[PDB]
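> Take this sequence and fold it.
(chains A, B, C, D, E, F, G, H and I)
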Amino acid sequence: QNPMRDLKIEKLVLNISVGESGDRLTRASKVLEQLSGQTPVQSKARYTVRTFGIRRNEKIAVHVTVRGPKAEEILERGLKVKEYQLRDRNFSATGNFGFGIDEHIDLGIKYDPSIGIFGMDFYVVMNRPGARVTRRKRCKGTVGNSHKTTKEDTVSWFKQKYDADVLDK
Amino acid sequence: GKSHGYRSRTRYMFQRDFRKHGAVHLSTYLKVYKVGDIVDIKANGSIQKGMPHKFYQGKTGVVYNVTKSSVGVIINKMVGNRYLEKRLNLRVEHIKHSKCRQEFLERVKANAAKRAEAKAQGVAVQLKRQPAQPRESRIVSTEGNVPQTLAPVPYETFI
Amino acid sequence: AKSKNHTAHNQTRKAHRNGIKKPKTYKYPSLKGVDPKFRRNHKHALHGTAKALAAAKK
Amino acid sequence: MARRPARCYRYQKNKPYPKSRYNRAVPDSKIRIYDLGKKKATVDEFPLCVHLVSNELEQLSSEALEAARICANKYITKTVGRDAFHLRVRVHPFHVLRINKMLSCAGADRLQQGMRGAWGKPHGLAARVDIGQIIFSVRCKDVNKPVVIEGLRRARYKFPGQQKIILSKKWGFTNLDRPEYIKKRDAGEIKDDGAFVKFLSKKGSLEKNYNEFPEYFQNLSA
Amino acid sequence: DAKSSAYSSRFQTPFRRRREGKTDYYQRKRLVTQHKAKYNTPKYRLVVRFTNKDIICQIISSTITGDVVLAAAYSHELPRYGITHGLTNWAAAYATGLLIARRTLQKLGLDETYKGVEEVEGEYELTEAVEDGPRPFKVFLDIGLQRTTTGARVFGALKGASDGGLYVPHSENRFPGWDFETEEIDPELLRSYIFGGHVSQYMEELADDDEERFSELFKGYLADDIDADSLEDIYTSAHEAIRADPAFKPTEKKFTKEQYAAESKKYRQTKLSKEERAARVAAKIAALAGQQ
RNA sequence: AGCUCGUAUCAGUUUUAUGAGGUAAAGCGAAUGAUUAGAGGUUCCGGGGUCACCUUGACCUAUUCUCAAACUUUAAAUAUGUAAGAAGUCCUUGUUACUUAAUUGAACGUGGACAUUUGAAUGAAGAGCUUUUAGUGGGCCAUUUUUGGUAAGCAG
RNA sequence: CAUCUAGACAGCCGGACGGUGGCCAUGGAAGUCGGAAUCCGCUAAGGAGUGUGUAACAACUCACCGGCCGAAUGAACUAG
RNA sequence: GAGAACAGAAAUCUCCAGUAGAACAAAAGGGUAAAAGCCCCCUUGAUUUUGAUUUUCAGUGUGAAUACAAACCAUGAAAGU
RNA sequence: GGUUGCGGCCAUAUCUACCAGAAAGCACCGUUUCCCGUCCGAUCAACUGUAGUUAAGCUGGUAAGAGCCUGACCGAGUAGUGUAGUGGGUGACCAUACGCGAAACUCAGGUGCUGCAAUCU
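Numbering: from 1, shown residues only, chains lettered A, B, ... in the order given. See below for the structure:
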């Protein structure tokens, strides 16, 4: 159809949410910089809940965002543990999709001592070439309704790549 | 305890007008005020610096001072049995040019032009305004306008 | 004990018996509150044009 | 404590004083039901509308509204059954009455300061009505006209002031006259909505008007 | 989605150019306003805008009915002066800033004085007022919605206008070569940016590296056979030609405005009036109900 | 007690032009806060009924009834500000240490043209200004608006 | 609003074949019934009657017309 | 609202809608959206000299505020504040 | 007449869907050595207008579109209100006289115009 209307990986964000901060968070930061090749940032907690052991601005989470071919190769190895198959669920109404795993230290990297075992949440943001018009400073417009990402075009993109299957339930 | 603060009873008069909130449109900051020009005060409530008192909203006075981001306006204020002149340092977004003066100015230009033409022809060219004079006699014909009769309507409850 | 606290009865009639007269402003009003850069220049302009008219009238 | 007579709060002497964030300790209304009878009936079932209309600018208390609601309902239910009428109490008691409670015992001058601190605590609710404002609207069939007339006449005795009973040329509770409602019902511009009807407008999306009023466009093609 | 009627009724739209996104009106208020004791003297704005493949510089003054233009300089007039490729770089921004400064100086008749700097060395220098003469023309840089970044092209045009004799007030913190550890500019790095050393050193490194990206980019350089050492020569030639003839020779304008209006009107959509709108809904009220 | 002048730099007034207001009214298929009734559309963020089951716990949409001194899109009447010229208008060119890129503007000017009416109506009964001092500084009633109060020849 | 010379509203004389007998809890379903309405063989006259009679006629006025009186009447309201 | 291992009403992330229904120390009201809100950066103008003006008003004080002049600074790239 | 830059009035300009766009221009797009800034060259900064594209932005058109604006002898001279009466009524309030005069509703039309400068089969 149109080469400017095909999907691509805008960004792919790995977020983890540790129950507290400290040594577990610093091991969580170094496993992500070994994962991504770039340093992550430590998300501070918004409030105090009384049930999760978190207080405000405690840095209870770590997230990092990869883009481009680094995001593409980490999604290939992110579906290798998810067996290149997924559900009709986990796809957002705006075309984005994400999935959670329970291990990365012995997934595709070498295990090293004193780092722990950490699961993580992959989340993938899908759009077309042309998403700058809602992100640039001068003339921050909208996106056209024939140019948005839906569930249907992104599961079709998930079919044409990875030779994947949907609705494993 | 009763209160008589600077902006007491200014809930509605220091609003912004409906769907006219936000920043002031930029013809206000580009209008030029000279000393002796007549302005009327309508305090834009979105800007708090240089805000006039609640008495001066809707008042009208001559500009005696023109300053960096503000003007100086002379307002007569009824204080008991006499008027006192009040000098207001107001930012230009709380004022606008009164159109009563410019209507007088175009009447002056019309009167000067009519006096210039009355030097040639039509002297006594009626410089003064006349009020709405009573109407002269007219003939009201009835072709196509036969007078339809009317009667009072009966009392109908209409409910 | 108690009395009348405040009443604006007869106050307008009192003000209008001698009339609420206008302040009766003059030509050349007071330059008190005008911009001091303008006022210093206005002094120097009138000092110049006084001598200019004196030299014009010799 | 015992309630004052209705002559204390008959006239609209005060500003309307609703239950709000400033007036919080207000007792609940003695009237709670405002649609009675077959309120689920269609508008075509009850063509006649009879209005009880105030002729005086006054206040109707919530107790007077509840007593008149009970008395009017009891007569019409006993006479022509339950599903032959729909009674609607138009006015609502939002105005809160205030009472300055005076002690009636001996030596009350020591414990009460008189008109010092005389602001009244909330007493009850009242419905502020104007001249020509409709109090009760009872719709029914054309057969049960004098039953509803006598039911609304028995409701006047519980009401202060002077009230008049008029039959309405409106088709039920609608704002349209009886001939105008007949034309729109015959042209298919009227859709039932349980208690009221939705009318077909000549403005709006034609796709939504086709989805909501298919009978009009079928009859236009006919 | 599916906004309520009450929301649309109460919705106060912003100003139209805020809705478009081209104007910061909070910024505009404190640029275009004037000291009220400077009664009818306009405040002149040097507006440098960056669309793709263009630098748009215009000296403009805000009035009641809109902004009038003194001198507007664009990128595509620089192929006349010699700059054939790279019409949106830092050096081209300096050239069009130099061009608009010389253009408005000759428009107001101050071309003989206020030469700025004939030879460029890359130092922060405000154009001083001459002794017993007219003051330099005071314009102010209105960068609009671009971000204030050290070593940006809007400060390239700011430097170019200041070097052209136009008095535009600024500091050297946003010029390239600005040290963040001391308050000292790098004049050699600024001069290299002025004459295109940030492109020529990229060209010689890419030529030493490979050929594929050196032919995908810079293909107009190979088309006109200009080299890395010739960038400074053609930019100095562009600077001398700008000083010599800033007189704004306009283009030819072939196939003129009546034909321009005619050809645009044939490929435009006309509006159906009340009669055509009533006819087309009468067609669709019968078509969507025609025994449907 | 006057003083300065002699029909005004005026007026408890209107008209015209131009504002300003947010009360009365009106409005809740307009926001906010209340409000009565039903109609139609669900995610495993419960079906309490046979695990995707007609199975009632919402929410949303479109209606509908009634309001609001401390709600409001709107919005009067009355009352209120200003102006309706000779201290003004137009043209030329003088000062500045102010301002301008400028022999640019601002302010103050110098010269010159400004009757049928010197620039709306009506009146002016003299206008303006200054001094000095007495008494008073408990009020009350009536129409209308209005607060507290059940009301008062009540209080405000 | 309903009748009215085809005879009205009053007044006075005459009036239920049996329809409650496979439709009635069969409370006292045969009088006029509290949980019911439609039946002609007549139906101006033959009524689950306007009428909890508390015992398959224990009771009169009345459902609606006749009779002949031969002119307007009745009902619901409204306000002086 | 839609989702994402632990993770559910509520821990962190992402996207969409969102005229402000948030926040602006504190009562209530007004005002504010590339902001007056949140985050980041730099500072001390919360400085000096006195004057004038507005409100309360006797057009007195006090308090608070407003616009400047002369400086000297802060910030910004500047206008400006 | 189209576009671009800066605008004036700040919805007749907004919003929700759908369609169209010749040439120019805008835009998406292409790449990170330097200035620059981030977790992330996504934003921003730089470089090339070169590999492409109208897909989107943008503009224009369509909707018995919602909204908004204008007008109406449309509601309605109605509600309200100034003045007046030794008017009425027990009062509540209403009526009249001389004026002024709405709002919701309903109907009809419309859906940006314009300034400066540049550019365009």
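> Count the residues that sit near residue 20.
Looking at chain A here, since you left the chain open. Using other CB atoms under 10 Å in any protein chain shown, residue A:20 is surrounded by 15 other residues. Heads up, the C-betas are built off the backbone N, CA and C, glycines and all.
> look at chain B instead
By other CB under 10 Å, 12 other residues sit near residue B:20.
> For it, pull up the helix or strand it's in.
Following DSSP states H and E, one finds residue B:20 outside all helices and strands.
> Next, the contact list for it, please.
Taking CB atoms under 8 Å, 6 or more residues apart in numbering or on different chains, we find residue B:20 in contact with residue E:12.
> Likewise for residue D:135?
Residue D:135 is in contact with D:52, D:53, D:54, D:60, D:89, D:90, D:91, D:129, D:159, D:163, counting by CB under 8 Å, 6+ apart.
> And the fourth one, how close does it get to residue D:91?
With the distance defined as CB to CB, to the nearest Å, residue D:60 ends up 7 Å from residue D:91.
> now do the second one
Using CB to CB, one obtains 11 Å as the distance from residue D:53 to residue D:91.
> Show me the common contact partners of the two, please.
Residues touching both residue D:53 and residue D:91 (CB under 8 Å, 6+ apart): D:133, D:134, D:135.
> which of those lies closest to RNA strand H?
residue D:133 (30.5 Å; CB to the nearest atom of the strand).
> Surely the closest one touches residue D:54?
Yes: counting by CB atoms under 8 Å, residue D:133 touches residue D:54, with 5.5 Å between them.
> which of these two has more neighbours?
In this view residue D:133 and residue D:54 are compared by other CB under 10 Å, and residue D:54 has more residues nearby, 23 against 16.
> beta partners for that one?
On the basis of DSSP bridges, residue D:54 is bridged to residue D:163.
> how near is it to RNA strand G?
Residue D:54 is 13 Å from RNA strand G, where distance means CB to the nearest atom of the strand, to the nearest Å.
> doesn't residue D:130 make contact with that residue?
Yes: counting by CB under 8 Å, residue D:54 touches residue D:130, with 7.3 Å between them.
> Next, count neighbours for the residue nearest to residue E:138 when sequence neighbours are not counted.
Leaving aside its sequence neighbours, residue E:138 sits nearest to residue E:167 (CB to CB, 6 or more residues apart in numbering or on different chains; 5.0 Å). By other CB under 10 Å, 19 other residues sit near residue E:167.
> With residue E:276 instead?
Neighbours of residue E:276 (other CB under 10 Å): 11.
> Helix or strand: which one has it?
Per DSSP H and E: helix E:274-287 holds residue E:276.
> So that helix, near chain D or not?
Yes: interface with chain D: helix E:274-287 contributes E:281, E:284, E:285, E:286 (CB under 8 Å from any CB of the partner chain).
> Buried ones among the residues you listed?
Neighbour counting with 16 or more other CB atoms under 10 Å in any protein chain shown marks residue E:285 as buried within the residues of helix E:274-287 next to chain D.
> For RNA strand F, what's its nearest residue on chain B.
Chain B approaches RNA strand F most closely through residue B:58 (2.8 Å), counting by CB to the nearest atom of the strand.
> wait, doesn't that residue sit right on residue B:39?
No: the criterion here is CB under 8 Å, and residue B:58 misses it with residue B:39 at 11.9 Å.
> where does residue B:11 sit relative to residue B:45, distance-wise?
Applying CB to CB to residue B:11 and residue B:45 gives a distance of 10 Å.
> So those two - more neighbours on which side?
residue B:45 (16 against 8).
> Next one: the nearest residue to the more buried one once chain neighbours are set aside relative to residue D:95, how far apart?
Once flanking residues are discounted, residue B:45 sits nearest to residue B:14: 3.9 Å by CB to CB, 6+ apart. Look at residue B:14 and residue D:95: by CB to CB, they are 31 Å apart.
> which one of those two has more residues nearby?
residue D:95 (22 against 16).
> now the more buried one, which residues is it bridged with?
Assessed by DSSP bridges, residue D:95 has beta-bridge partners residue D:126.
> hang on, the earlier thing: what values do phi and psi take at the residue nearest to residue E:138?
Backbone geometry at residue E:167, expressed as degrees, to the nearest 10, gives phi -90, psi 100.
> name the element the residue of chain B closest to RNA strand F belongs to?
Counting by DSSP H and E, residue B:58 is found in no helix or strand.
> And for the one 5 residues further on?
If you go by DSSP H and E, residue B:63 is part of strand B:60-66.
> Dihedrals phi and psi, the residue nearest the centre of chain A?
A centroid search over chain A (CA atoms, centre = their mean) returns residue A:123, at 2.5 Å, as the residue closest to the centre. Main-chain torsions, residue A:123, degrees, to the nearest 10: phi -140, psi 130.
> Run through the residues that contact it.
A:12, A:13, A:14, A:15, A:96, A:97, A:98.
> who's in contact with residue A:134?
By CB under 8 Å, 6+ apart, the contact list for residue A:134 reads A:140, A:141, A:142, A:143.
> For it, give its distance to residue D:34.
According to CB to CB, residue A:134 stands 50 Å off from residue D:34.
> One more: residue E:101?
Residue E:101 sits 79 Å away from residue D:34, taking CB to CB as the criterion.
> likewise residue A:123?
To residue D:34, residue A:123 is 52 Å away according to CB to CB.
> repeat for residue B:81
Here the criterion is CB to CB. By it, residue B:81 lies 60 Å from residue D:34.
> hang on, the earlier thing: what bridges to the residue nearest to the centre of chain A?
Assigned bridge partners for residue A:123, using DSSP bridges, are residue A:13, residue A:98.
> What segments of chain C are helices?
All helices of chain C, identified by DSSP state H, fall at C:11-17, C:36-56.
> Out of the ones you listed, which is closest to RNA strand F?
Per CB to the nearest atom of the strand, nearest to RNA strand F of the helices of chain C: helix C:36-56, 1.9 Å.
> need the contact list for residue 103.
Since no chain was named, I'll use chain A. Contacts of residue A:103 (CB under 8 Å, 6+ apart): A:81, A:117, A:118, A:119.
> let's do chain E instead
Residue E:103 neighbours (CB under 8 Å, 6+ apart): E:71, E:73, E:246, E:247, E:248.
> Let's see the PyMOL selection covering just the buried ones among these.
This is the PyMOL syntax for the buried subset of the contacts of residue E:103, where burial follows 16+ other CB under 10 Å:
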select buried, chain E and resi 71+73+246
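> State the number of residues packed around the residue of chain B found nearest RNA strand G.
Closest to RNA strand G within chain B is residue B:155: 10.9 Å, counting by CB to the nearest atom of the strand. Counted with other CB under 10 Å, the neighbours of residue B:155 add up to 6.
> burial count for residue 22?
All of this refers to chain A. Neighbour count for residue A:22, taken as other CB under 10 Å: 10.
> ah, I was thinking of chain C
Residue C:22 - counted by other CB under 10 Å - has 9 other residues nearby.
> That one and residue B:80, how far apart?
14 Å.
> got it, and residue D:2?
Between residue D:2 and residue B:80 the computed distance is 54 Å (CB to CB).
> Which one of these two is surrounded by more residues?
The neighbour count for residue D:2 versus residue B:80, taken as other CB under 10 Å, is higher for residue B:80 (10 against 3).
> What segments of chain B are strands?
Ranges of strands within chain B are B:38-41, B:60-66, B:70-79, B:82-91, B:95-97, based on DSSP state E.
> all strands for the stretch 101-250 of chain E, in order.
E:139-142 (DSSP state E, counting those that start in this stretch).
> Relative to chain D, which residue of it is the closest?
residue E:145 (38.2 Å; CB to the nearest CB).
> residues near that residue, how many?
16.
> My guess is it contacts residue A:138. True?
Yes: between residue E:145 and residue A:138 there is a contact under CB under 8 Å: 3.9 Å.
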